[PDB]
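*Asks:* Just passing along the structure, written as structure tokens.
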Amino acid sequence: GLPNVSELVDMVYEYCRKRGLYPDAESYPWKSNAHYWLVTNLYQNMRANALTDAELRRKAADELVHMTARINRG
């Protein structure tokens, strides 16, 4: 299933920490297309907006609701 908000925020921070080891964002080791889209969107929003941890958590929760709805309808 999808990550919960805490799991997803941890993934964003790990990606933040590890992304320099890889040739590009797509080459990072994603367990699903969902993880790639969730994490890279939140990372870029983090980066381009200096999001606080609480702000990141709110965006992550919204992204997870949109993605749950997408998967729910096929």
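For the sequence shown, UniProt numbering assigns the number 119 to the initial residue and increments by one for each residue that follows.
By construction, the Cβ of each residue, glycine as well, lies at the ideal position given by its N, Cα and C atoms.
1. Look at the alpha carbon of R175 and the alpha carbon of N190, and state the distance between them as a whole number of angstroms.
2. Compute the Euclidean distance between the alpha carbons of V183 and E125, then round it to the nearest angstrom.
3. Going by beta-carbon coordinates alone, are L120 and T170 separated by less than 9 Å?
4. Taking the alpha-carbon positions, what's the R137 to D180 distance?
5. Given a cut-off of 9 Å, decide if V123 and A178 are closer than it, judged by their beta-carbon atoms.
*Replies:* Quick answer:
1. Here residue 175 corresponds to residue number 57 of the sequence shown, with the count starting at 1. Here residue 190 corresponds to residue number 72 of the sequence shown, with the count starting at 1. Cα-Cα distance, rounded: 22 Å.
2. Within the sequence shown, the letter at position 65 stands for residue 183. Within the sequence shown, the letter at position 7 stands for residue 125. Counting only the Cα atoms, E125 lies some 14 Å from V183.
3. Counting from 1 along the sequence shown, the entry for residue 120 is found at position 2. Counting from 1 along the sequence shown, the entry for residue 170 is found at position 52. With respect to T170, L120 sits apart: the two C-beta atoms are not nearer than 9 Å.
4. The residue you call residue 137 lines up with position 19 of the sequence shown. The residue you call residue 180 lines up with position 62 of the sequence shown. Between the alpha carbons of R137 and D180 lies a distance of about 23 Å.
5. Here the question's residue 178 lines up with position 60 in the sequence shown. Here the question's residue 123 lines up with position 5 in the sequence shown. Taking 9 Å as the cut-off, the Cβ atoms of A178 and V123 count as close.
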